[PDB]
Amino acid sequence: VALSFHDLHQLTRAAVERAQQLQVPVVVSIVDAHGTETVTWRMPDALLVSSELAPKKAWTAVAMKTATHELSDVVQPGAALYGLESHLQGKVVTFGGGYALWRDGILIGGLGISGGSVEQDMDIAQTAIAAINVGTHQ
Amino acid sequence: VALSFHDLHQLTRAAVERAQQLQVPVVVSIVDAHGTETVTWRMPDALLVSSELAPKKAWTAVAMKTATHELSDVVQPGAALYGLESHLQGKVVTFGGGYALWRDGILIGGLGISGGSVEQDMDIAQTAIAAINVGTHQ
Amino acid sequence: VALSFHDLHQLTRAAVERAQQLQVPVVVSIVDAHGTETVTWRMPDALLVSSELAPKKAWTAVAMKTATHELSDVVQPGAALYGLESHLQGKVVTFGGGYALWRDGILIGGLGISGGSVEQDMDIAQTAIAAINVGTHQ
Amino acid sequence: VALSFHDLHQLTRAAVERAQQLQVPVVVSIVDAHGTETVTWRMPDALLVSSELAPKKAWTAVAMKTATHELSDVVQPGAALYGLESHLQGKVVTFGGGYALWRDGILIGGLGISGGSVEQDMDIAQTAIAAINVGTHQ
Amino acid sequence: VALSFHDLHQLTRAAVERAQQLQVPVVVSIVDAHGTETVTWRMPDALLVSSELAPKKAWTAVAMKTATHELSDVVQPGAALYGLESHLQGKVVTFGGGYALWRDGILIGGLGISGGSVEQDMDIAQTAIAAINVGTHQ
Amino acid sequence: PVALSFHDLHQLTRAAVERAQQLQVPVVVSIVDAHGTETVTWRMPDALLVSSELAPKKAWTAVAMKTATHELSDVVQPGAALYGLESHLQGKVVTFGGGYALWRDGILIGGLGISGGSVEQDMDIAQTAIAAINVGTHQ
Amino acid sequence: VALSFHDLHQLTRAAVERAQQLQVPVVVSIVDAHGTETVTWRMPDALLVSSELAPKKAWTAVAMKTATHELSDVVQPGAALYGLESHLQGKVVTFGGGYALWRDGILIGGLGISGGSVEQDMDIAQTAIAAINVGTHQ
Amino acid sequence: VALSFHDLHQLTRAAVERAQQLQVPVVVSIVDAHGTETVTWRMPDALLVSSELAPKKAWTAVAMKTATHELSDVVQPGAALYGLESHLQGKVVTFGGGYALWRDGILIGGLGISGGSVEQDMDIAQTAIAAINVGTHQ
Ligand code: HEM
Ligand code: HEM
Ligand code: HEM
Ligand code: HEM
Ligand SMILES: [Cl-]
Ligand SMILES: [Cl-]
Ligand SMILES: [Mg+2]
Ligand code: NA
Ligand code: NA
Ligand code: NA
Ligand code: NA
Ligand code: NA
Ligand code: NA
Ligand code: NA
Ligand code: NA
Ligand code: NA
């Protein structure tokens, strides 16, 4: 059930291809179900911050079993998990671009994209994920 | 006056059993009156973030002599301790799930639960604390 | 011009005496004009967090040539230095209890109190400062 | 295209000269297109916090290809990159004083000023940048 | 194959019992096959350092697939992995008391003991491991 | 003209993984550019957890010191010129083998780092991968 | 059983007085039995490193229940706890100047001095300890 | 008694000029008597490590009141300050290239050079120091 070589290779290829179509250089990061960095690819000229944000988005997706855009409302002032980003010492990113990857009810990894607008990062991520046979929810 | 073996054992057992009833895997953490990690137990499949949040809640409860849900208002924009989570470099958690433990007016420890919704974490924590009948306020 | 032995000893004594009158245990911290820790004194049962907050308040006062309560408005959402506490990795504290210490137009140090309410910490600090011949503004 | 000795020297001198005119001591920092510290200069009595803020402003400008005052709106509560300063563990500063430096469509570095009001920092930075043959936008 | 509740409970009980027989208080730590803290138990008056060293020994065992005493020679001056403890920022401990736990050729976790002499820690760890049906090599 | 291309990165990464498969040792492969930025990472199943940190560090060291990492082993020993270096740089530099600096036409273009086997295996894997593309390991 | 006001005061005074006699400026640090910083005093012109070394020496004494000079042999290459200083991320200091304080078989705190030679730090620490009624071994 | 503008400028220029004569690109760093970074200059293509080592050598010179080559013997296995580089969490560098700057018996700052061989760094640093009216010992 885990991510196979083919899964990893296709996710990464499809993300890079979609980023090229959008004309935005990104960092692509994939983590396994335990949060271990498994693939990283940086396109030329990607924003330097993206080297830290993409793997953090992928990690966040696994570590909270969620897509990172789904955390945006819950960390606001007044919301249930206000302060989370400081409580976890910057390890969680709470804007879009990270998705949890599921197969047959089992969490198999996380994908993180950074380098565009949040909308671009999410488009790239969703396009990549559509290239392989996986879900973004259990 | 201090947490005995029986206190630590029953707090842990009761927390895990309540979490089983709720069908949510959590990390349980107990710290002593000086904030030293005394017991940690991770249920299978608990959110990875919970491994950091539960001990931090337990620590926060002792370090601020308060339940963590009682810090939620006082760290908001405009409130007296705005910014506290950054000032203490992520050591304090300001949402529910941590309680201070008191016996005969003496602070004896802190219990932290993380892995569910905030309300679940607080339910589990309160249940565990009710199993040994210590107080949560001086 | 600098804090003398007598300055340091009287500041510390007066802060502790005032805390005793208020019946709240605090940490007292004094830093020099360069931000080096010079005196620390912890009263029994002071909040654990105060061991970190009091020196940070003192340091903040010198590092920003201000009282720490004067930073509260400027770090709010919408205000000029929003985010400051993260930018400086938790070294600055932006609620009351730290004061800059000045003599003959020269910055000689900083005093930080933590362990009570913000208002108690500011009272203690102001009382201590009144015990020696120094100002809180240039 | 890169920053020459002359570019660095003129930037630094013009910044210091403008700060002297404003009668505010600042830290001046210049990073290259990869974010490596290239020049630092501290004026006597500059706020201690400026030693950390000015290089961070310069680094931010390259790392996000933006002037730092342009990030102020996008990190607010409710905005698209809320929490960014914690996600990047304090490496990015999101109030004014940092500018990205461009020549012939190529990013050649970043300039950061800290020590005055945000407006003084920006005036100093803009004055310095006007002393050499560069743009602040691609 | 993984560590069951019974495995974890017996390891912990047996380590504590052995420590009691030796009259030395220890910290017991167990990590899973991915290095995630699963159980921590601190006996009263265990050396404060043991709170950091026991989990690090358990983690090292899984992270290097080795008992920690088997790393002592290989990190010495002149040996193949000299400097390893600094390369990994203190995450690995290279003296005895940590053991990797294997069942049917599969790595299922790590156990770490700290609080005694290295020889006591190893005794305690070996005694605990003998209480369950597992090997210390693949 | 001489930077690492897509093809360079791809071939380095593939050849490293292929060689690690031949040796039957799972590794982490890391490539950094001439400025030390992480460019590629690839982790093989069951690689030592430590190798997730050690491989990118090796690659970064190679560029940050313009050297192969095995060439630092003597110089950081007790009594040698750069004793303590690993602590001075807060663990960012690794001083045993497996990292190589990558050069073309006298220009530094990147760094490759391998971790997960013995130090010898990591070097073998790195050298094999480097041979798949025609760059040099010295200026 | 604990360090009283009189104990803390006399330790600190006696350490400063001795350091004055020797004409070496030091930092004095005292921690309680849980390792919490209780007193710090810095003499003018004390080595900057001493602001970190002295509290660490005091902490190490309690955390390891030993004098710090007693750790020097055991951390050497080839000895049982080689690497310890990196394993504990610099929290332990292994050269002289820190002493564990005992009364009636109970560990009550730790004293740390830094700023002279190791031998001066030890002379100062020992002179200070001799000013109160305590032992340096259980 | 302090480093003037001219002192800072001349030190920096002379260091860069000597590095050019040796044909090695270095990072030059100057700190004041309190260890605050005052000047940094990076020559093109200086080793990336030098960006961290040169300011650390300058800081070390002031923080230990010594040239950094004078620390080499004292931090060896078997010597009085073995482990120091870890105790201070990498803030001190114990090989040559850093010098303390003294005028009329007063410590006024530190100069640090990194990028060459240790001998080249020391040559550069000594040459720069010779360009102004200061000593390297009290
Ligand atoms: C921060 C790093 C700096 C470095 C490395 C530096 C380096 C130098 C060097 C190498 C020269 C000689 C140029 C030549 O080769 O002929 C020079 C000249 C000079 N620098 Fe600087 N400088 C620095 C900053 C400044 C600053 C901040 C000022 C004034 C605010 C200043 C004022 C001058 C003056 C007046 C000259 C003489 C010629 C001229 O007016 O342009 N320099 N500097
Ligand atoms: C540290 C030393 C520990 C000791 C000495 C210990 C001892 C025991 C004993 C004597 C029992 C009674 C049942 C029997 O006859 O086997 C027991 C039950 C139990 N303990 Fe512990 N325990 C320890 C730690 C833990 C921890 C950390 C947990 C975490 C949840 C735990 C969970 C339980 C549970 C759930 C039971 C009752 C259910 C069952 O045994 O199947 N114990 N323990
Ligand atoms: C890590 C990031 C990787 C990316 C972005 C990536 C991307 C690609 C792309 C774009 C192609 C088609 C290129 C072409 O031939 O025209 C390709 C082909 C291929 N890749 Fe990868 N790849 C990666 C890693 C790997 C690894 C680690 C392996 C093997 C261990 C691998 C094996 C292959 C093979 C066997 C082919 C087809 C053979 C051929 O090109 O004729 N790739 N990859
Ligand atoms: C660091 C925290 C210190 C605190 C909180 C403190 C507090 C006090 C207090 C409350 C007294 C009155 C004692 C009594 O008679 O009951 C006192 C007296 C004294 N202290 Fe301290 N003290 C401190 C440090 C020092 C140091 C470092 C020295 C000398 C190096 C010192 C020298 C004295 C002397 C000589 C007296 C007797 C003269 C007088 O009453 O002013 N103290 N201190
Ligand atoms: Cl915030
Ligand atoms: Cl070492
Ligand atoms: Mg049950
Ligand atoms: Na926050
Ligand atoms: Na905050
Ligand atoms: Na009971
Ligand atoms: Na913030
Ligand atoms: Na934030
Ligand atoms: Na080391
Ligand atoms: Na070292
Ligand atoms: Na070490
Ligand atoms: Na060391």
Side-chain angles (χ1 to χ4, degrees), chain A residues 10-31 37 39-61 66-73 85 90 92-101 110-132 136, chain D residues 33-35 59-68 70-76 78-88 91-92 94 100 102 105-107 110 137-138, chain F residues 6 9 33 37-41:
Chain A
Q10 296 317 111
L11 281 168
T12 308
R13 278 176 75 173
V16 168
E17 286 176 359
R18 185 55 178 166
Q20 287 171 340
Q21 289 165 8
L22 298 181
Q23 298 189 99
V24 52
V26 300
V27 176
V28 185
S29 172
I30 302 169
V31 300
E37 181 169 309
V39 186
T40 299
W41 187 275
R42 175 173 186 270
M43 300 171 63
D45 301 316
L47 293 179
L48 296 186
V49 297
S50 298
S51 293
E52 182 162 349
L53 295 173
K56 288 181 168 186
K57 287 183 196 178
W59 188 85
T60 300
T66 189
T68 62
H69 65 95
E70 308 185 299
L71 301 173
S72 309
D73 70 337
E85 68 288 341
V92 296
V93 168
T94 58
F95 50 80
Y99 287 83
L101 308 174
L111 170 74
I113 305 297
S114 182
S117 63
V118 171
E119 293 80 6
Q120 289 172 323
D121 290 343
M122 290 170 71
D123 177 337
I124 293 158
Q126 290 159 7
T127 304
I129 286 162
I132 64 160
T136 56
Chain D
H34 320 294
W59 186 86
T60 298
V62 161
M64 302 216 59
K65 297 178 187 174
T66 189
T68 58
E70 310 186 288
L71 299 175
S72 309
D73 292 338
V74 80
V75 303
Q76 296 298 312
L81 303 178
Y82 171 74
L84 187 68
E85 68 286 342
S86 299
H87 305 148
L88 294 173
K91 289 195 292 291
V92 295
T94 55
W102 300 84
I106 302 294
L107 175 69
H137 185 284
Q138 180 172 34
Chain F
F6 167 75
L9 294 170
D33 71 12
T37 304
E38 281 192 47
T39 303
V40 186
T41 299

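Hydrogens, waters and symmetry mates play no part in the numbers below; they use all other heavy atoms, side chains included. Chain identifiers are assigned alphabetically (A, B, ...) following the order of the sequence lines, protein sequences preceding nucleic acid strands; residue numbering begins at 1 within each chain.
- Between the CD atom of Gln126(A) and the CZ atom of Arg18(A) there is a distance of 10.0 Å, given to the nearest 0.5 Å.
- Inter-residue side-chain proximity for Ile113(A) and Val27(A) is flagged as unmet; no heavy-atom pair is nearer than 4.5 Å.
- Distance check, rounded to the nearest 0.5 Å: OG1 of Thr37(F) to CZ of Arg42(A) gives 5.5 Å.
- The side-chain heavy atoms of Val92(A) and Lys56(A), taken from C-beta on, include no pair separated by under 4.5 Å.
- Residue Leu84(D) is tested with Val74(D), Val75(D), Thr60(D) for a side chain to side chain contact (heavy atoms under 4.5 Å, CB included); the sole match is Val75(D).
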Set out, in order, the CA-CA distance, both residues' side-chain angles and the distance that settles salt bridge (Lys or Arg N to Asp or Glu O under 4.0 Å) for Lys91(D) and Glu52(A), then state yes or no.
CA-CA 11 Å; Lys91(D) 289 195 292 291; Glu52(A) 182 162 349; 2.7 Å; yes
Evaluation steps, side chain to side chain contact (heavy atoms under 4.5 Å, CB included), between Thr39(F) and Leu9(F):
CA-CA 8 Å; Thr39(F) 303; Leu9(F) 294 170; 3.8 Å; yes
Mind running side chain to side chain contact (heavy atoms under 4.5 Å, CB included) on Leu88(D) and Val49(A) for me, showing each step along the way?
CA-CA 8 Å; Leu88(D) 294 173; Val49(A) 297; 3.6 Å; yes
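- Partners of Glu17(A) according to the side-chain hydrogen bond (donor to acceptor under 3.5 Å, both in side chains) rule, which considers only residues two or more places apart in sequence or in another chain, do not exist here.
- Atom CG in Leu101(A) sits 6.0 Å away from atom CG in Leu111(A) (nearest 0.5 Å).
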Given the rule in the side chain to side chain contact (heavy atoms under 4.5 Å, CB included) test, do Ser29(A) and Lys57(A) qualify, once you have shown the distances and angles that lead to the verdict?
CA-CA 8 Å; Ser29(A) 172; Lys57(A) 287 183 196 178; over 6 Å; no
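- Remark: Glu38(F) engages no residue in a salt bridge (charged side-chain N to carboxylate O under 4.0 Å, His left out) (not counting sequence neighbours).
- Note that NE2 of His87(D) and CZ of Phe95(A) are 5.5 Å apart. Values are rounded to the nearest 0.5 Å.
- Here the OG1 atom belonging to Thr127(A) is positioned 7.5 Å from the CG atom belonging to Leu22(A), to the nearest 0.5 angstrom.
- Going from atom CG of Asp45(A) over to atom OG of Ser50(A) covers 11.5 Å, rounded to the nearest 0.5 Å.
- The 12-atom threshold is not exceeded at CD of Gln23(A), counting heavy atoms of other residues, nucleotides or ligands nearer than 6.0 Å.
- No side-chain N or O of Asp121(A) forms a donor-acceptor pair with one of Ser117(A) less than 3.5 Å apart.
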